[PDB]
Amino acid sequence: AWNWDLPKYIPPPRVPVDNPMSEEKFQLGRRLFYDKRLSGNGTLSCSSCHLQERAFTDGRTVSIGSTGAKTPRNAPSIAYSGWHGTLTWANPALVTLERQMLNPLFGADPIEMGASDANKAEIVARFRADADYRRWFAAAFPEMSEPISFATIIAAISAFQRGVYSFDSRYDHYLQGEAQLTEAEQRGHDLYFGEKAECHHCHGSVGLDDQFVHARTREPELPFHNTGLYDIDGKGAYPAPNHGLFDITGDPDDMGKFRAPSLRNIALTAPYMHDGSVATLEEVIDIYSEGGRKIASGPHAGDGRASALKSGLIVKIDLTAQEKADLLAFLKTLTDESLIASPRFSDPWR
């Protein structure tokens, strides 16, 4: 029977009623997440792009799929993903990890894991060909005649992902009362939650996002935001291939709108932004201070501070070098102790 083991302030996540949590399901998912044999040609596991060492992200601006194509976007973290209202960077239709998983697995455009109908069965057989995997699926899905399929692979990995969290940060300790925040950290903190810096509007939930969804959430929030990273045409256009919410609705005023990412482990998940185009957290704050980014040079040139689509809440906010460092100091309190080195989420294959 699954113990959530949550702080007071985190309610349990919504679990799809036909895929209940269990420890057998968790460990199977962990083995499959890290197994290079789930990809079409056997070169990549999920963990290739979602490294533990980096809070389950890549360290690269974009990622490299199993046939060697680049992804159009930066690989976000999978930690805490059980609480995300909408999964990836800009898609209101992906609202379940089970559903989302089909993209990395079967998506071409571009190939990531590289599972097609041509190799579908071949992959599955690889797990039936294995002694240890037969125990696991069997022990995890006991009500099933044939318990190694793709519905079973998705269910397991989904369970694993819901088990990936540790509300372990200095910020979390602070909120529980086990820790005092630094003078710098307090001053960054008061900025973050103040109507000058404004970060709590979009990064101010206990998930440090504004799409926090648990198992009690009714009438969910779900907003998206243009933050003025670009204005390619002088009309607020973001460069192809990343239009954000526009790419799904076709509505012109959703151009450059993205989900606000959770800021948990932000210190560890650089590069930043939807396309990895901001190298450091110092440059991020520079950008918020100016109400947007100005690209002075080449193909991406334009000024996002002046974009028409930009959010109401991002204005020019002349923050002093002091206030910027205090705010940077506060973002560094959002890294987890456990997560990066816990045996629980480590590669089980060595």
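In case it trips you up, residue 1 is the first one in the sequence shown, and so on.
Enquirer: Of 41-49 and 301-309, which one has the bigger average CA B-factor?
Expert: Taking the mean B-factor of the alpha carbons in each, 301-309 is higher.
Enquirer: Can you tell me whether 322-330 has a higher mean C-alpha B factor than 5-13 in this record, or the other way round?
Expert: Comparing 322-330 with 5-13, the higher mean C-alpha B-factor belongs to 322-330.
Enquirer: If I read the C-alpha B-factors straight from the PDB entry, which of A118, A270, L87, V164 is highest?
Expert: Across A118, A270, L87, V164, the entry lists the biggest C-alpha B-factor for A118.
Enquirer: Going by the CA temperature factor in the entry, name the top one among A55, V284, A296, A69.
Expert: The C-alpha B-factor peaks, among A55, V284, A296, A69, at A296.
Enquirer: Against its chain's modelled residues, does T217's Cα B factor rank lowest, middle or highest third?
Expert: Its C-alpha B-factor belongs to the highest third of this chain's values.
Enquirer: Could you place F193 in the lowest, middle or highest third of its chain by Cα temperature factor, using the values in the record?
Expert: Middle third by C-alpha B-factor.
Enquirer: Could you tell me which third, lowest, middle or highest, the C-alpha B-factor of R31 occupies within its chain?
Expert: It falls in the bottom third of the chain.
Enquirer: Determine, from the deposited record, the chain-internal third of the Cα B-factor for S277: lowest, middle or highest.
Expert: Ranked within chain, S277 CA B lands in the lowest tercile.
Enquirer: Using the temperature factors of the C-alpha atoms in this entry, rank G236 within its chain: lowest, middle or highest third.
Expert: According to the entry, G236 has a C-alpha B-factor in the chain's highest third.
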